[PDB]
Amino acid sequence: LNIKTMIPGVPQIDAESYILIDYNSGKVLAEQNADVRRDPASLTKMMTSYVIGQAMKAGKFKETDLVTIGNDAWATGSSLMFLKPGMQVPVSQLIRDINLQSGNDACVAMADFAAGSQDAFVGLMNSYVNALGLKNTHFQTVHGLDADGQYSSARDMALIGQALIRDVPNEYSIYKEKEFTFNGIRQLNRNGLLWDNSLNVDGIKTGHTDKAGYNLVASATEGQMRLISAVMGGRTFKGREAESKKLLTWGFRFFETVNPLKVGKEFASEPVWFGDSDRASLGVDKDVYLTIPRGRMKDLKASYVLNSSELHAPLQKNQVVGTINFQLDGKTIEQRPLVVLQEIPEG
């Protein structure tokens, strides 16, 4: 009864804003000031990474291509960390700047390489902001250092994490590298959560400045279930990783993600009048992912209604002809369009 239908309390999170989303269903499991505009600082590089990964998916350059270091990179002499102007560095090394505390010269050199100049790269960053439908994000630079006019939000930063994993998987995989070469030198990933053994963390990006505080976007899996958290304006060194750990742990403990219906699988079959065949094959045109309270998988009910009382030919492929209802304790928790899976022409 009441233990079945219980709504879990949200833990105390010591940050200005946060969000926890399931990667597959898009469901928000917890949120606080998730839309408030804040300085993302070096989390900016998440969008930069997105654009770079789009470039590499489109075949514009490769891991093995050589980049010339411009005076651009230098303008933002005894440290081995900095790129020397006029030197040649493979793309494979520069694009790892995402895992570093700084690496902003690499960042700028890659922007020029991919887009011709910094301003045009920022142009691409901000176009992708619109293409993803983000309402509270805007960028000024590729690295996020020099421009606390730039802003984002927990929700938007989580949605950028999502797009990274979905759209550019090959670029996303750079983020879990624990150790890697940068400028001929062995370097360590800044995301400490990569070394946590209680969770399978494989992303995404950590950052800190005094104005912005501690910020982290993390992603973890348990089974076929993936969560993303964004925690922004975290208040103490102590909590920089612990706070997000608390969020992710909570989501796995109280929620699960189920996949009741896959695209192209016959959910139901219905009589067709005046057709080639007498049978309509019905399902969905998009995979169904639902996030529900953990342990409630077997009380989940699916049923459907048709838009009309009979199906007359002709019927097109992916033609919407009804609704699939998903239910938990006779409450509708999700609806999807019910489509025809196979062309049925007239008799």
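Note that residue numbering follows the sequence shown and begins at 1.
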Unmodelled stretch of the deposited sequence separating residue 76 from residue 77, binned as none, 1 to 3, 4 to 9 or 10 or more
4 to 9
May I ask you to compare 89 to 97 and 215 to 223 by their mean CA B factor in the entry and name the higher one?
89 to 97
Using only the Cα atoms and their B-factors as the entry lists them, report which of 165 to 173 and 197 to 205 averages higher.
197 to 205
Going by the CA temperature factor in the entry, name the top one among 83, 228, 232, 109.
83
Among the choices 156, 266, 256, 72, identify the one whose CA B-factor in the record is greatest.
72
Sorting the chain's CA B-factors, does residue 36 end up in the lowest, middle or highest third?
middle
What third of its chain's C-alpha B-factors does residue 127 belong to: lowest, middle or highest?
lowest
Among modelled residues of the same chain, the CA temperature factor third for residue 304
middle
Which third of the chain holds residue 135 when residues are ordered by C-alpha B factor: lowest, middle or highest?
middle
Relative to the other modelled residues of the same chain, rank the CA B-factor of residue 241 and answer lowest, middle or highest third.
middle
